[PDB]
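Here is what each chain is made of, one letter per residue.
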Amino acid sequence: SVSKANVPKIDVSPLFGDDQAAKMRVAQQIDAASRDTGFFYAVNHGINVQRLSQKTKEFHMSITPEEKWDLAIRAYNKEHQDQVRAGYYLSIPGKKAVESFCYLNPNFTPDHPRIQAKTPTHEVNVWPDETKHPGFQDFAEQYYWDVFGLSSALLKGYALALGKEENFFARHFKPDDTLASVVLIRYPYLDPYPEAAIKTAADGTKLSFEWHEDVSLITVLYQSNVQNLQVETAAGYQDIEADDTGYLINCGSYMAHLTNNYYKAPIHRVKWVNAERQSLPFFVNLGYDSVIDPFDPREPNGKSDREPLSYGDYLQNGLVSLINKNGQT
Ligand SMILES: C[C@@H](NC(=O)[C@H](CS)NC(=O)CCC[C@H](N)C(=O)O)C(=O)O
Ligand SMILES: [Fe+2]
């Protein structure tokens, strides 16, 4: 007997346009959801999301164990020391069910100043062989720019929601330096299902991934129509219903930092469900040196005691802590 969570569907199309009052009315809906369960679905987002699903299914289902070693992150392949973030995250049959492929900003090439200077969190994407996966790199790169465009529009809504000018976050979310990532997650069907891949909550619920706050400004998530997400509320954990036509949005712990917990980063987790499904998050992260002053929209004056925190240190530390709390993925 678990409840459904209030996860309103908000038409974000006005954030792409120039009707200011219409943008305010969207911002009011984002303010309301951000202060309630902390989730909403963005609809009328303009992304070709059936193609995203199909191309991702194609990749996941045609990639071979050989390819996966050749693309693997440092945790699965020691030869691959630079890859802490970007690459393949392998399955372990009998033990670990999930697997995935993470990629970063496509403008991180050997000549980008940030990979010349070896700045942490910045990596050059690895890719499969073009003729084994025809069109995949081109598809994936363009998806990165499509969701970047969406996320950019959402962030104008968050800014307006908070009483700011609309470019308040978005001006620091730039194609040249953003540390945003796409992750293409596969959660497979299996029996026998490997028991070491299931965790049990304090309430008995079986899980594929335990409670956590996201490491992001916001998170912009496509998922297949299989129900799996729960958010923690004052009244206990609630089910987030699936909607494969929409993007599930929520704040991460950096928005909570920037707003003195006014927009909280909702605590959530993933139920274990034995079904073939996709989780494709885009983590909206700012540039390495972005350091917005924390504010407080509770206060007549808007002043916060919190100290600024540069996005790169935030992210490097947060990613590492997520792995320590909830395991290597
Ligand atoms: C939405 C999706 N998220 C996840 O699996 C979890 C929790 S938000 N996220 C992560 O592991 C963080 C990956 C960061 C990525 N490698 C990067 O370098 O940026 C899910 O749980 O299905
Ligand atoms: Fe999450």
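Scroll up to find the structure.
### Describing the packing of aromatic side chains
For the coordinates displayed, the defined rule picks out 25 aromatic pairs. Taking 4.1 Å as the distance between ring centres and 5 degrees as the angle between the ring planes, the aromatic pair formed by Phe59 and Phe136 counts as stacked. Of this pair, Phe59 sits in helix α2 (residues 49-62) while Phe136 is found in helix α5 (residues 136-161), placing the two residues 77 residues apart along the sequence. According to the relative accessible area criterion, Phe136 is buried, its value standing at 5%. Aromatic ring contacts, followed pair by pair, group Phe59, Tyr88, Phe101, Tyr103, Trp127, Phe136, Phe139, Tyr144, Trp145, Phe148, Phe173 and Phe282 into a single cluster.

### What about the sheet that holds strand β1 (residues 9-11)?
What the 8 strands build is an open sheet, ordered β1-β2-β11-β8-β13-β5-β4-β3; its pairing is mixed. Among the strands making up the open sheet, the edge pair consists of β1 and β3 (87-89). The average angle at which neighbouring strand axes cross in this sheet is 25 degrees, direction not considered. Strand direction decides the pairing type here: β3 and strand β4 (residues 99-104), joined by 3 bridges, are antiparallel. The residue bridging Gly87 from the neighbouring strand is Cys102, located in β4. In the packing of helix α1 (residues 20-35) onto the sheet, the strands contacted are β1 and β2 (39-43), and the crossing angle to β1 comes to about 155 degrees.

### Observations concerning the coordination of the iron ion (ligand 2)
The coordination sphere of the iron ion (ligand 2), as far as protein atoms go, consists of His212 (NE2), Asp214 (OD) and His268 (NE2), spread over 2.2 to 2.4 Å. Around the iron ion (ligand 2) sit 4 donor atoms; with metal-centred angles ranging over 81 to 166 degrees, the donor geometry is irregular.

### Some remarks on the pattern of salt bridges
Tallied over the full model, the rule gives 13 salt bridges. One salt bridge connects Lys68 with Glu99, and the closest N-O pair in it is separated by 2.8 Å. Pair noted here: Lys68 is in helix α3 (residues 65-71) and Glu99 is in strand β4, with a separation of 31 residues, a long-range link. Of the two residues examined, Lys68 and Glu99, each falls in the buried class. Note that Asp239 and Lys271 form a salt bridge whose closest N and O atoms lie 2.9 Å from each other. On the criterion of sequence distance, the pair formed by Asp239 in strand β10 (residues 236-239) and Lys271 in strand β12 (residues 268-271) is long-range, its members being 32 residues apart. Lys271 gets classed as buried once you look at its relative accessible area, which sits at 19%. Three or more residues are tied together by salt bridges with common partners; here these are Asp18, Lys23 and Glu166.

### Structural notes on the environment of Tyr103
Looking at the element boundaries, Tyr103 is found in strand β4. Separated by 211 residues in sequence, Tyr103 and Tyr314 place their C-alpha atoms 19 Å apart. Within polar-contact distance, the side chain of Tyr103 engages the backbone oxygen of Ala140 at 2.6 Å.

### Focus: the site of ligand 1
By nearness alone, 17 residues border ligand 1, and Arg85, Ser181, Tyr187, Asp214 and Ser279 come closest of all. A distance of 2.6 Å is found between an oxygen atom of ligand 1 and a side-chain nitrogen or oxygen belonging to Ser181. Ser279 is positioned such that a nitrogen or oxygen atom in its side chain is 2.5 Å from an oxygen atom of ligand 1. Calculation on ligand 1 without its partners gives an accessible area of 560 Å², and the protein chains cover 90% of this total. Of all elements in the fold, only β5 (181-187), β7 (206-212), β8 (218-223) and β13 (277-284) reach the threshold of two or more residues within the shell around ligand 1.

The rules behind each value
- Residues numbered from 1 in each chain as written, not as in the entry; some residues may be left out.
- Chains lettered and ligands numbered in written order.
- Heavy atoms only, no water.
- Residues with missing side-chain atoms left out of burial classes, pairs and counts.
- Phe/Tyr/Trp six-rings, centres within 6.5 Å; stacked < 30°, edge-to-face > 60°.
- Helix = DSSP H or I, 4+ residues; strand = E, 2+ residues; numbered from the N terminus.
- Buried < 20%, exposed > 50% of the residue type's maximum accessible area, 1.4 Å probe, protein only.
- Pairing = 2+ DSSP bridges.
- Axes fitted to C-alpha atoms, helices over the stretch in contact; angles between N-to-C directions.
- Contact = heavy atoms within 4.5 Å.
- Donors = N, O, S within 2.8 Å, 3.2 Å for Na, K, Ca; no water.
- Tetrahedral: all angles 85-135°; square planar, octahedral: opposite > 155°, others 65-115°.
- Salt bridge = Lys/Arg side-chain N within 4 Å of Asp/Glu carboxyl O.
- Polar contact = N/O pair within 3.5 Å; in protein donor to acceptor, adjacent residues only side chain to side chain.
- Near = heavy atom within 4 Å.
- Areas by Shrake-Rupley, 256 points an atom, 1.4 Å probe, with all protein chains shown as cover.

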